[PDB]
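One chain comes next, on its own, written out as structure tokens in the form deposited in one PDB entry.
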């Protein structure tokens, strides 16, 4: 943290943050969500980290260079250490990225190495070559070199993501799946794990071996797993929680801007809320059915009437304000809802869905006041505009993500937040073989468009191709876009250091401080 001159710091530097749900895991190679990343950034540090405004900045690597955007060399600071006092070296990164790539790990984020295009990743993921063929090498203890199969000018931007953080080989090999328990874990971030009681709390304490420890102010941070937004607000207002999670309750929000304006933070966020359709499950493998659902959803009612929290009605997957996005607004978005509704009814009727044979399907959502209130509104809208029957089903977070990867769903509430600010952070997830493809969408035309983005060497052609890939997605009606999120949360007046300026919301508790109160 960088404490301003004149600020008086509380004597007690502790923080309690709501984190939306129980984390899937603490192992950086097994996580895929925002709640998991929130804790991960405090415990494990990679090559680059974000500064308080969101810019990629030195983490374990103090400086890096590239040759033709294909060979990237990271110079690691010599005082980086793990919490047991041992040095963080380039060998840790070699081991870690090979473990990520290895099929035996089964990382849900294995494809992140394809997004960066590290040499040999495709063969490694396919079982054709061993993980030791990965194009990374330690030139010495402080020098990590990465070789890509193509020039990727934004490669370094990917490096702030948890799946490319290091894991300590000696703990992983000795304890297997229990390496993340408090007595076994070893960490290299500003904090270390003190306690983990499932469905109750996660408590982290400052890690004195952290290379930037002299600047860390908060000594202890607790993450809670409350998935009720209404309950998070109540415990915030009772004084128990200093920073809520950033999902806001329909029930109370508007009340809060009125009652506690200086505590409500509302900033741009690169995430999109949508209904994910299982594209390989009949009858959702018919484009007419997917298009009808997309058209009959009335976004004005949902965004402006039902939620009304500052979100923008969406017409694409990638948010239009992502760096490099120059998207074409589809013509259906400009139509009236009455025309969208008639066209949707026509399409469903062509699909064989009568009034004696109405389409019936489930809508799966992860436990939450917000998602439940929204799923109920969306089921009504669809019932009324299409005569469709929808059965609502809630699952806890870890189970919900699992169900989506397994394909045992019809339609699901979904939301994707960028991992780096560039349109491929969204678009790479719809690639046929992506480990993040939960829509189970498979399009050779789509895959080709994305592949062509690295064969050109100028931003305009790239941006044009990103726009055509969004159009392909929209033509196939792979998903149902609903709104582009805003990052809305409550933060006590005595929490310093949270700017709200990073659109990826990569907060690090090492940057915060408590003002005396």
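Superpose the two forms; the largest set of C-alphas matching within 1.5 Å is the rigid core. Residues that one form lacks are left out of the comparison. Numbering follows the first chain given and starts at 1.
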Residue stretch of maximal mean CA temperature factor, 427-435 vs 332-340: 332-340
Mean C-alpha B-factor comparison - 449-457 and 61-69, higher one: 449-457
Selection by C-alpha B-factor (highest) of 384, 371, 157, 440: 384
For the listed 292, 390, 414, 241, which has the peak Cα B-factor recorded in the PDB entry? 390
Looking at the C-alpha B-factor of residue 41, is it in the lowest, middle or highest third of its chain? lowest
Hey, what third does residue 192 fall into on Cα B-factor, ranked over its chain? lowest
State the tercile, meaning the lowest, middle or highest third, of residue 503 with respect to the CA B-factors recorded for its chain. lowest
Split into thirds by Cα B-factor across the chain's modelled residues, where does residue 7 land: lowest, middle or highest? highest
Assert third(CA B-factor, residue 283) within chain per record equals highest
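This protein has a second form, the form deposited in another entry, left out of what is shown; the following refers to that one.
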Conformational change between this form and the one not shown, one of 150, 396, 78, 267, C-alpha moving 2 Å or more after core fit: 396
Given that the CA-CA distance for residue 63 and residue 456 shifts by 3 Å or more in the other form, does it become closer or farther? closer
Pair residue 324/residue 58, Cα separation in the other form versus the displayed form, closer or farther by 3 angstroms or more: closer
Superposed on the core, the stretches of at least three consecutive shared residues with every Cα displaced by 2 Å or more between this form and the one not shown, in sequence order, are 272-416, 426-484
